[PDB]
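K.L.:
sequence first, structure after; it's an experimental one.
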Amino acid sequence: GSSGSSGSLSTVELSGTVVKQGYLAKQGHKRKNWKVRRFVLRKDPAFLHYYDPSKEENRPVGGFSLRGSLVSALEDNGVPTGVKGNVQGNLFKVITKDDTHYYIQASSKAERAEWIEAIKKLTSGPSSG
């Protein structure tokens with residue numbers, strides 16, 4: 001089985017108003033090039049978690065803070081800059097406070113901009129107006 005904590009306390013990070021939901025493809029070593037994962041977007045609190053579909057676990061596979069994070073698109077066609085092999089088109093990265101830069105993919109070209117603008121919302125940047 002798989003489970004971190006028994007499960008008593010009340011949700012927190014995942015206790016935010018869903019702002020965006022769907023399936024994305026996060027880039028990570030091992031396994032196929034890119035793996036599809038169910039990403040969830042929340043607000044107040046502002047967080048973004050994702051769960052592995054291939055598996056069967058309520059809890060997310062990960063999740064990083066949005067407040068102190070960033071998001072951008074990868075203009076560089078085909079490949080971004082120095083990513084293993086190549087990558088799809090119309091992707092986006094997320095620059096966290098640790099200047100990690102998490103590369104993710106959207107279901108559709110639009111889905112991206114959406115998943116992007118969305119994140120931004122949570123984070124501090126352009127949105128208003």
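P.N.:
Happy to help now that I have it. Numbers count the residues shown, from 1 in each chain.
K.L.:
in this structure residue 109 contacts residue 91, no?
P.N.:
No: with contact defined as Cβ atoms under 8 Å, residue 109 does not count as touching residue 91 (9.8 Å). Where you see a C-beta, it was placed from the backbone N, CA and C, and this is true even at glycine.
K.L.:
settle it for me: which of the two has more neighbours?
P.N.:
residue 91 (25 against 12; other Cβ atoms under 10 Å).
K.L.:
quick one: residues contacting the more buried one.
P.N.:
Taking Cβ atoms under 8 Å, 6 or more residues apart in numbering, we find residue 91 in contact with 73, 74, 80, 103, 104, 105, 106, 112.
K.L.:
cool, and residue 12?
P.N.:
Neighbour list for residue 12: residue 45 [criterion: Cβ under 8 Å, 6+ apart].
K.L.:
what about the contacts of residue 91, which are in helices?
P.N.:
Among the contacts of residue 91, the residues falling in helices (DSSP state H) are residue 112.
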